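File shown: final_37.pdb (PDB, C-alpha atoms and all ligand atoms).
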```
ATOM      1  CA  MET A 186     -15.616  -7.401 -23.507
ATOM      2  CA  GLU A 187     -15.279  -8.449 -19.867
ATOM      3  CA  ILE A 188     -13.600  -7.342 -16.645
ATOM      4  CA  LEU A 189     -10.375  -8.637 -15.113
ATOM      5  CA  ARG A 190      -9.643  -9.228 -11.428
ATOM      6  CA  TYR A 191      -7.422 -11.440  -9.291
ATOM      7  CA  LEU A 192      -8.455 -11.115  -5.648
ATOM      8  CA  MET A 193      -5.435 -12.473  -3.788
ATOM      9  CA  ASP A 194      -5.935 -15.683  -1.846
ATOM     10  CA  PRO A 195      -6.348 -15.887   1.976
ATOM     11  CA  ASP A 196      -3.539 -18.354   2.635
ATOM     12  CA  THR A 197      -1.269 -15.903   0.819
ATOM     13  CA  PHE A 198      -2.762 -12.662   2.125
ATOM     14  CA  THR A 199      -2.440 -13.848   5.723
ATOM     15  CA  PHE A 200       0.955 -15.454   5.117
ATOM     16  CA  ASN A 201       2.582 -12.550   3.282
ATOM     17  CA  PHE A 202       1.296 -10.365   6.114
ATOM     18  CA  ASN A 203       2.380 -12.932   8.699
ATOM     19  CA  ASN A 204       6.098 -12.984   7.907
ATOM     20  CA  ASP A 205       7.728 -12.532  11.312
ATOM     21  CA  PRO A 206       8.194  -9.991  14.148
ATOM     22  CA  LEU A 207      11.235  -8.456  12.459
ATOM     23  CA  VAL A 208      11.992  -7.964   8.769
ATOM     24  CA  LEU A 209      13.453 -10.511   6.350
ATOM     25  CA  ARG A 210      14.864  -8.882   3.219
ATOM     26  CA  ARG A 211      14.487  -5.608   1.324
ATOM     27  CA  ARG A 212      13.100  -7.568  -1.621
ATOM     28  CA  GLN A 213       9.997  -9.493  -0.563
ATOM     29  CA  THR A 214       7.260  -6.870  -0.303
ATOM     30  CA  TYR A 215       3.519  -6.712  -0.938
ATOM     31  CA  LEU A 216       1.375  -3.627  -1.450
ATOM     32  CA  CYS A 217      -2.382  -3.466  -1.908
ATOM     33  CA  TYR A 218      -3.695  -0.718  -4.171
ATOM     34  CA  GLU A 219      -7.280   0.435  -4.595
ATOM     35  CA  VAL A 220      -9.141   3.269  -6.298
ATOM     36  CA  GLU A 221     -11.912   5.480  -4.962
ATOM     37  CA  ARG A 222     -14.233   7.771  -6.900
ATOM     38  CA  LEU A 223     -15.764  10.589  -4.915
ATOM     39  CA  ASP A 224     -19.439  10.092  -5.695
ATOM     40  CA  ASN A 225     -22.335  12.000  -4.110
ATOM     41  CA  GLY A 226     -19.668  13.706  -1.988
ATOM     42  CA  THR A 227     -18.422  10.401  -0.589
ATOM     43  CA  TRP A 228     -15.629   8.018  -1.487
ATOM     44  CA  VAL A 229     -16.748   4.894  -3.334
ATOM     45  CA  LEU A 230     -14.582   1.799  -3.744
ATOM     46  CA  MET A 231     -14.304   0.580  -7.340
ATOM     47  CA  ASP A 232     -13.565  -3.113  -7.852
ATOM     48  CA  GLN A 233     -13.023  -2.508 -11.568
ATOM     49  CA  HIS A 234      -9.988  -0.424 -10.610
ATOM     50  CA  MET A 235      -8.886  -2.334  -7.513
ATOM     51  CA  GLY A 236      -6.161  -4.959  -7.106
ATOM     52  CA  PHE A 237      -2.894  -5.873  -5.385
ATOM     53  CA  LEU A 238       0.686  -5.642  -6.626
ATOM     54  CA  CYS A 239       3.727  -7.763  -5.787
ATOM     55  CA  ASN A 240       7.468  -7.366  -6.324
ATOM     56  CA  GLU A 241       8.150  -8.967  -9.706
ATOM     57  CA  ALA A 242       5.424  -8.781 -12.349
ATOM     58  CA  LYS A 243       4.961  -8.190 -16.076
ATOM     59  CA  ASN A 244       7.504  -6.345 -18.216
ATOM     60  CA  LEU A 245      10.127  -8.716 -16.816
ATOM     61  CA  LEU A 246      10.810 -10.170 -20.263
ATOM     62  CA  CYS A 247      12.916  -7.044 -20.757
ATOM     63  CA  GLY A 248      15.282  -8.258 -18.042
ATOM     64  CA  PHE A 249      14.727  -5.059 -16.064
ATOM     65  CA  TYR A 250      16.203  -4.762 -12.574
ATOM     66  CA  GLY A 251      14.575  -3.851  -9.261
ATOM     67  CA  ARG A 252      11.159  -5.260  -8.375
ATOM     68  CA  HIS A 253       8.896  -3.183  -6.133
ATOM     69  CA  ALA A 254       5.094  -3.195  -6.143
ATOM     70  CA  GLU A 255       5.309   0.554  -5.613
ATOM     71  CA  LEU A 256       6.994   0.905  -8.995
ATOM     72  CA  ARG A 257       4.726  -1.566 -10.763
ATOM     73  CA  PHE A 258       1.902   0.684  -9.599
ATOM     74  CA  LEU A 259       3.225   3.914 -11.061
ATOM     75  CA  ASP A 260       3.201   1.868 -14.267
ATOM     76  CA  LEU A 261      -0.354   0.524 -13.870
ATOM     77  CA  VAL A 262      -1.975   3.844 -12.896
ATOM     78  CA  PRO A 263      -2.354   4.794 -16.611
ATOM     79  CA  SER A 264      -4.412   1.616 -16.972
ATOM     80  CA  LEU A 265      -6.928   3.067 -14.512
ATOM     81  CA  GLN A 266      -7.729   5.531 -17.290
ATOM     82  CA  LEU A 267      -8.030   8.335 -14.740
ATOM     83  CA  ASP A 268      -9.387  11.761 -15.685
ATOM     84  CA  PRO A 269      -8.466  15.409 -14.793
ATOM     85  CA  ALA A 270     -12.166  16.140 -14.451
ATOM     86  CA  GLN A 271     -13.395  13.869 -11.671
ATOM     87  CA  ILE A 272     -11.515  13.311  -8.413
ATOM     88  CA  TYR A 273      -9.947   9.965  -7.547
ATOM     89  CA  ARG A 274      -7.973   8.686  -4.572
ATOM     90  CA  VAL A 275      -5.927   5.495  -4.370
ATOM     91  CA  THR A 276      -5.047   3.764  -1.093
ATOM     92  CA  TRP A 277      -1.866   1.768  -0.505
ATOM     93  CA  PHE A 278      -1.846  -1.089   2.009
ATOM     94  CA  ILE A 279       1.623  -2.531   2.574
ATOM     95  CA  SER A 280       2.598  -5.117   5.178
ATOM     96  CA  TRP A 281       5.774  -3.094   5.734
ATOM     97  CA  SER A 282       7.338   0.342   5.156
ATOM     98  CA  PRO A 283       8.737   1.885   1.911
ATOM     99  CA  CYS A 284      12.315   1.069   0.911
ATOM    100  CA  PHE A 285      13.643   4.520   0.034
ATOM    101  CA  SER A 286      12.754   7.855  -1.574
ATOM    102  CA  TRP A 287      14.960   8.117  -4.657
ATOM    103  CA  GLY A 288      14.128   4.422  -4.802
ATOM    104  CA  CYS A 289      10.374   3.909  -4.491
ATOM    105  CA  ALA A 290       8.748   6.744  -2.542
ATOM    106  CA  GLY A 291      10.730   9.305  -4.537
ATOM    107  CA  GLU A 292       8.911   7.938  -7.574
ATOM    108  CA  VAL A 293       5.522   8.112  -5.858
ATOM    109  CA  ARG A 294       6.203  11.808  -5.300
ATOM    110  CA  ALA A 295       6.945  12.621  -8.935
ATOM    111  CA  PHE A 296       3.705  10.825  -9.772
ATOM    112  CA  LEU A 297       1.664  12.625  -7.124
ATOM    113  CA  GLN A 298       2.480  15.867  -8.943
ATOM    114  CA  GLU A 299       1.924  14.508 -12.441
ATOM    115  CA  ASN A 300      -1.635  13.650 -11.442
ATOM    116  CA  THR A 301      -2.995  16.047  -8.826
ATOM    117  CA  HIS A 302      -6.492  14.825  -9.670
ATOM    118  CA  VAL A 303      -5.712  11.562  -7.884
ATOM    119  CA  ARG A 304      -4.516  11.481  -4.290
ATOM    120  CA  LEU A 305      -2.555   8.652  -2.676
ATOM    121  CA  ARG A 306      -2.755   7.481   0.923
ATOM    122  CA  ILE A 307      -0.173   5.131   2.400
ATOM    123  CA  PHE A 308      -0.596   2.691   5.221
ATOM    124  CA  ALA A 309       2.116   0.409   6.603
ATOM    125  CA  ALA A 310       1.553  -2.516   8.966
ATOM    126  CA  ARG A 311       5.067  -2.769  10.391
ATOM    127  CA  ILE A 312       8.174  -0.589  10.569
ATOM    128  CA  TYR A 313      11.403  -1.662   8.875
ATOM    129  CA  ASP A 314      14.226  -1.966  11.401
ATOM    130  CA  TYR A 315      16.865  -3.208   8.961
ATOM    131  CA  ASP A 316      16.039  -0.146   6.860
ATOM    132  CA  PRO A 317      15.473   2.898   9.128
ATOM    133  CA  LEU A 318      15.975   5.165   6.117
ATOM    134  CA  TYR A 319      12.368   4.898   4.963
ATOM    135  CA  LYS A 320      11.788   7.472   7.695
ATOM    136  CA  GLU A 321      13.441  10.350   5.854
ATOM    137  CA  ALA A 322      11.908   9.091   2.616
ATOM    138  CA  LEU A 323       8.504   9.246   4.300
ATOM    139  CA  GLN A 324       8.728  12.894   5.329
ATOM    140  CA  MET A 325       9.540  13.661   1.700
ATOM    141  CA  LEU A 326       6.479  11.631   0.723
ATOM    142  CA  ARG A 327       3.840  13.325   2.861
ATOM    143  CA  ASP A 328       5.339  16.515   1.463
ATOM    144  CA  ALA A 329       4.387  15.317  -2.018
ATOM    145  CA  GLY A 330       0.812  15.832  -0.820
ATOM    146  CA  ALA A 331       0.067  12.203   0.022
ATOM    147  CA  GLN A 332      -0.658  11.011   3.562
ATOM    148  CA  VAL A 333       0.731   8.073   5.551
ATOM    149  CA  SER A 334      -0.337   6.344   8.755
ATOM    150  CA  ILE A 335      -0.362   3.042  10.640
ATOM    151  CA  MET A 336      -2.874   0.300   9.859
ATOM    152  CA  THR A 337      -5.595  -0.087  12.485
ATOM    153  CA  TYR A 338      -7.825  -3.007  13.456
ATOM    154  CA  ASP A 339     -10.968  -1.936  11.607
ATOM    155  CA  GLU A 340      -8.743  -0.842   8.730
ATOM    156  CA  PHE A 341      -7.262  -4.309   8.267
ATOM    157  CA  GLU A 342     -10.787  -5.726   8.209
ATOM    158  CA  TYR A 343     -11.659  -3.425   5.309
ATOM    159  CA  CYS A 344      -8.711  -4.710   3.273
ATOM    160  CA  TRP A 345      -9.166  -8.320   4.361
ATOM    161  CA  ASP A 346     -12.875  -8.249   3.544
ATOM    162  CA  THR A 347     -12.270  -6.215   0.382
ATOM    163  CA  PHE A 348      -9.206  -7.843  -1.184
ATOM    164  CA  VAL A 349      -9.709 -11.329   0.257
ATOM    165  CA  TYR A 350     -13.149 -12.846  -0.281
ATOM    166  CA  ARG A 351     -14.081 -15.757   1.971
ATOM    167  CA  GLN A 352     -17.774 -16.349   2.677
ATOM    168  CA  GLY A 353     -17.613 -12.837   4.140
ATOM    169  CA  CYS A 354     -15.890 -14.329   7.192
ATOM    170  CA  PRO A 355     -14.312 -11.894   9.727
ATOM    171  CA  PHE A 356     -10.614 -11.017   9.852
ATOM    172  CA  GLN A 357      -8.161 -12.934  12.016
ATOM    173  CA  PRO A 358      -4.558 -11.607  12.336
ATOM    174  CA  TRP A 359      -3.015 -12.906  15.546
ATOM    175  CA  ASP A 360      -3.630 -11.117  18.840
ATOM    176  CA  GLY A 361      -1.205  -8.198  19.075
ATOM    177  CA  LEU A 362      -3.024  -6.400  16.253
ATOM    178  CA  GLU A 363      -4.410  -3.688  18.516
ATOM    179  CA  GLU A 364      -1.553  -3.739  21.020
ATOM    180  CA  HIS A 365       0.596  -3.061  17.963
ATOM    181  CA  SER A 366      -1.641  -0.322  16.572
ATOM    182  CA  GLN A 367      -0.988   1.637  19.766
ATOM    183  CA  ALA A 368       2.729   0.897  20.088
ATOM    184  CA  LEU A 369       3.565   1.303  16.404
ATOM    185  CA  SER A 370       1.345   4.386  16.257
ATOM    186  CA  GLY A 371       3.503   6.145  18.839
ATOM    187  CA  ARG A 372       6.547   5.254  16.747
ATOM    188  CA  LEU A 373       5.208   6.076  13.283
ATOM    189  CA  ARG A 374       3.308   9.171  14.405
ATOM    190  CA  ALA A 375       6.454  10.268  16.233
ATOM    191  CA  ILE A 376       8.516   9.634  13.101
ATOM    192  CA  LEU A 377       6.062  11.829  11.198
ATOM    193  CA  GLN A 378       8.049  14.671  12.757
ATOM    194  CA  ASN A 379      11.735  13.822  13.137
ATOM    195  CA  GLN A 380      13.175  17.256  13.909
ATOM    196  CA  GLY A 381      16.111  18.841  15.730
ATOM    197  CA  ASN A 382      19.239  17.923  13.778
TER     198      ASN A 382
HETATM  199 ZN    ZN A 401      11.677   0.034  -3.522
END
```
Please rewrite the model in this file as structure tokens.
Amino acid sequence: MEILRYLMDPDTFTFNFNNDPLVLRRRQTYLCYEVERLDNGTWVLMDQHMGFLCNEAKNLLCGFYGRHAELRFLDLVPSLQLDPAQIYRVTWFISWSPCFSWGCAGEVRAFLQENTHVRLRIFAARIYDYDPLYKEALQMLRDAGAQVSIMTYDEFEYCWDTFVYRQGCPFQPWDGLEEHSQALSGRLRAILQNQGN
């Protein structure tokens, strides 16, 4: 009886998050999921229930279609053996924005209701230009009870130091990390409204 982890690698973590200024394809995506247990009135990160999810994973032997880490999650949550007694809260760290509601987000909503004991917080690093539909899908998401926002500097460090282990070395993105946090913020935050049709 032992535990099972994975801890993504740096070269990959940085790369996958590096990509390029604009998007590439509505297929290559990477989301980082974690689990927190409110202990002593504070949130505590649990490594035994933490990990990252990619596009294609297990259950592929069935020849199923569509590969989104968001979906894979909804399937792995049961593995976290949650409980309706205590209070949990998972955090999603994606180097991009959701694809669509009825697609991915829509699913996250149905799940948010199924398990009200566990809350879900989303955090995107960049906005999808080739897919400006995620906006509407988002509004529907926050409505599910979850909360979304833009990744900050200190935030990235938490994920980099948490998910990627490297002699406890500091995080190193590029240079426009902050400059982006402000710019993107204005955009995302502004999109968190989208009214007047
Ligand atoms: Zn999707």
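If you look at CA of residue 240 (chain A) and CA of residue 255 (chain A), they are 8.2 Å away from each other.
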Kindly work out which residues sit at most 9 Å from ligand ZN 401 (chain A), using only C-alpha atoms and all ligand atoms, and give the list as a ChimeraX atom specification. /A:211-212,214,240,251-256,283-290
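Once the PyMOL selection byres (((chain A and resi 362) around 12) and not hetatm) is applied to the depicted file, the selected set reads residues 202, 203, 206, 310, 311, 335, 336, 337, 338, 339, 340, 341, 342, 356, 357, 358, 359, 360, 361, 363, 364, 365, 366, 367, 368, 369 and 370 of chain A.
You can rank A:200, A:328, A:302, A:241 by their closest distance to residue 270 (chain A) using only C-alpha atoms, and at the top of that list sits A:302.
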Enumerate, as a VMD selection string, the protein, DNA and RNA residues whose atoms approach (-13.6, -5.2, 2.1) to within 12 Å, taking into account only C-alpha atoms and the coordinate frame of the file. chain A and resid 192 219 229 to 232 235 to 236 339 to 356
Identify all residues satisfying the PyMOL selection byres (((chain A and resi 296) around 12) and not hetatm) in the given file; provide them as number ranges by chain. A: 255-256, 258-263, 289-295, 297-305, 326, 329-331
For this file, the PyMOL selection byres (((chain A and resi 222) around 9) and not hetatm) selects which residues, as a PDB file with C-alpha atoms, keeping the file's coordinate frame?
```
ATOM      1  CA  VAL A 220      -9.141   3.269  -6.298  1.00  0.00           C
ATOM      2  CA  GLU A 221     -11.912   5.480  -4.962  1.00  0.00           C
ATOM      3  CA  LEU A 223     -15.764  10.589  -4.915  1.00  0.00           C
ATOM      4  CA  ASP A 224     -19.439  10.092  -5.695  1.00  0.00           C
ATOM      5  CA  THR A 227     -18.422  10.401  -0.589  1.00  0.00           C
ATOM      6  CA  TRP A 228     -15.629   8.018  -1.487  1.00  0.00           C
ATOM      7  CA  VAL A 229     -16.748   4.894  -3.334  1.00  0.00           C
ATOM      8  CA  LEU A 230     -14.582   1.799  -3.744  1.00  0.00           C
ATOM      9  CA  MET A 231     -14.304   0.580  -7.340  1.00  0.00           C
ATOM     10  CA  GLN A 271     -13.395  13.869 -11.671  1.00  0.00           C
ATOM     11  CA  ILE A 272     -11.515  13.311  -8.413  1.00  0.00           C
ATOM     12  CA  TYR A 273      -9.947   9.965  -7.547  1.00  0.00           C
ATOM     13  CA  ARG A 274      -7.973   8.686  -4.572  1.00  0.00           C
ATOM     14  CA  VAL A 275      -5.927   5.495  -4.370  1.00  0.00           C
TER      15      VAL A 275
END
```
The distance between CA of residue 314 (chain A) and CA of residue 207 (chain A) is 7.2 Å
Counting only C-alpha atoms, find residues at most 6 Å from (0.0, 1.4, -0.1) (file frame) and give them as a PyMOL selection string. chain A and resi 216-218+276-279+307-308
Hey, can I get the axis-aligned box for region 291-302 of chain A? All listed atoms, 4 Å padding on each side, centre and edge lengths in Å to one decimal, as JSON.
```
{"center_x": 2.1, "center_y": 12.0, "center_z": -8.5, "size_x": 25.2, "size_y": 16.1, "size_z": 15.9}
```
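Closest approach to residue 322 (chain A) among A:191, A:208, A:282, A:334: A:282, based on only C-alpha atoms.
For the set A:281, A:244, A:376, A:189, the residue with the smallest atom-to-atom gap to residue 321 (chain A) is A:376, counting only C-alpha atoms.
One distance worth recording is that between CA of residue 215 (chain A) and CA of residue 375 (chain A), which is 24.3 Å.
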What would region 314-346 of chain A look like with N, CA and C atoms restored, written as a CSV table (one decimal), in the coordinates of the input?
```csv
chain,number,residue,atom,x,y,z
A,314,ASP,N,13.1,-2.2,10.5
A,314,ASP,CA,14.2,-2.0,11.4
A,314,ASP,C,15.5,-2.0,10.6
A,315,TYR,N,15.7,-3.0,9.7
A,315,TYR,CA,16.9,-3.2,9.0
A,315,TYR,C,17.1,-2.0,8.0
A,316,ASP,N,16.0,-1.3,7.8
A,316,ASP,CA,16.0,-0.1,6.9
A,316,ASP,C,15.4,1.1,7.5
A,317,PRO,N,16.0,1.7,8.4
A,317,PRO,CA,15.5,2.9,9.1
A,317,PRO,C,15.6,4.2,8.3
A,318,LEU,N,15.8,4.0,7.0
A,318,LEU,CA,16.0,5.2,6.1
A,318,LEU,C,14.6,5.6,5.6
A,319,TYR,N,13.7,4.6,5.5
A,319,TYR,CA,12.4,4.9,5.0
A,319,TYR,C,11.8,6.1,5.7
A,320,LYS,N,12.3,6.4,6.9
A,320,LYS,CA,11.8,7.5,7.7
A,320,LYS,C,11.9,8.8,6.9
A,321,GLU,N,13.2,9.1,6.6
A,321,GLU,CA,13.4,10.4,5.9
A,321,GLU,C,12.7,10.4,4.5
A,322,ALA,N,12.6,9.2,3.9
A,322,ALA,CA,11.9,9.1,2.6
A,322,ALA,C,10.4,9.4,2.8
A,323,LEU,N,9.9,9.0,4.0
A,323,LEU,CA,8.5,9.2,4.3
A,323,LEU,C,8.2,10.7,4.3
A,324,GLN,N,8.9,11.5,5.2
A,324,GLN,CA,8.7,12.9,5.3
A,324,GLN,C,8.6,13.5,3.9
A,325,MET,N,9.5,13.1,3.1
A,325,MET,CA,9.5,13.7,1.7
A,325,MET,C,8.3,13.3,1.0
A,326,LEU,N,7.7,12.1,1.4
A,326,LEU,CA,6.5,11.6,0.7
A,326,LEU,C,5.3,12.5,1.1
A,327,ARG,N,5.0,12.5,2.4
A,327,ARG,CA,3.8,13.3,2.9
A,327,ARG,C,3.9,14.7,2.2
A,328,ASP,N,5.1,15.2,2.1
A,328,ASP,CA,5.3,16.5,1.5
A,328,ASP,C,4.8,16.5,0.0
A,329,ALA,N,4.9,15.4,-0.6
A,329,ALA,CA,4.4,15.3,-2.0
A,329,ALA,C,2.9,15.6,-2.1
A,330,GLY,N,2.2,15.6,-0.9
A,330,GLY,CA,0.8,15.8,-0.8
A,330,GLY,C,0.1,14.6,-0.3
A,331,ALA,N,0.7,13.4,-0.4
A,331,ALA,CA,0.1,12.2,0.0
A,331,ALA,C,0.1,12.2,1.5
A,332,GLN,N,-0.6,11.1,2.1
A,332,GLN,CA,-0.7,11.0,3.6
A,332,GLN,C,-0.4,9.6,4.0
A,333,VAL,N,0.4,9.4,5.1
A,333,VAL,CA,0.7,8.1,5.6
A,333,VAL,C,0.3,7.9,7.0
A,334,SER,N,0.1,6.7,7.4
A,334,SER,CA,-0.3,6.3,8.8
A,334,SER,C,-0.2,4.8,9.0
A,335,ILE,N,-0.5,4.4,10.3
A,335,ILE,CA,-0.4,3.0,10.6
A,335,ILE,C,-1.7,2.3,10.5
A,336,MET,N,-1.7,1.1,10.1
A,336,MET,CA,-2.9,0.3,9.9
A,336,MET,C,-3.5,0.0,11.2
A,337,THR,N,-4.9,0.2,11.3
A,337,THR,CA,-5.6,-0.1,12.5
A,337,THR,C,-6.3,-1.4,12.4
A,338,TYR,N,-7.1,-1.7,13.4
A,338,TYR,CA,-7.8,-3.0,13.5
A,338,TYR,C,-8.9,-3.0,12.4
A,339,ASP,N,-9.9,-2.0,12.5
A,339,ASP,CA,-11.0,-1.9,11.6
A,339,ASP,C,-10.5,-1.8,10.2
A,340,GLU,N,-9.3,-1.1,10.0
A,340,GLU,CA,-8.7,-0.8,8.7
A,340,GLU,C,-8.4,-2.2,8.1
A,341,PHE,N,-7.7,-3.0,8.8
A,341,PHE,CA,-7.3,-4.3,8.3
A,341,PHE,C,-8.5,-5.1,7.8
A,342,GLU,N,-9.6,-5.0,8.6
A,342,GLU,CA,-10.8,-5.7,8.2
A,342,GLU,C,-11.3,-5.3,6.8
A,343,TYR,N,-11.2,-4.0,6.6
A,343,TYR,CA,-11.7,-3.4,5.3
A,343,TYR,C,-10.9,-4.0,4.1
A,344,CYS,N,-9.6,-4.2,4.3
A,344,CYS,CA,-8.7,-4.7,3.3
A,344,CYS,C,-8.9,-6.2,3.2
A,345,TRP,N,-9.0,-6.9,4.3
A,345,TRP,CA,-9.2,-8.3,4.4
A,345,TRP,C,-10.5,-8.7,3.7
A,346,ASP,N,-11.5,-8.0,4.1
A,346,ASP,CA,-12.9,-8.2,3.5
A,346,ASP,C,-13.0,-7.8,2.1
```
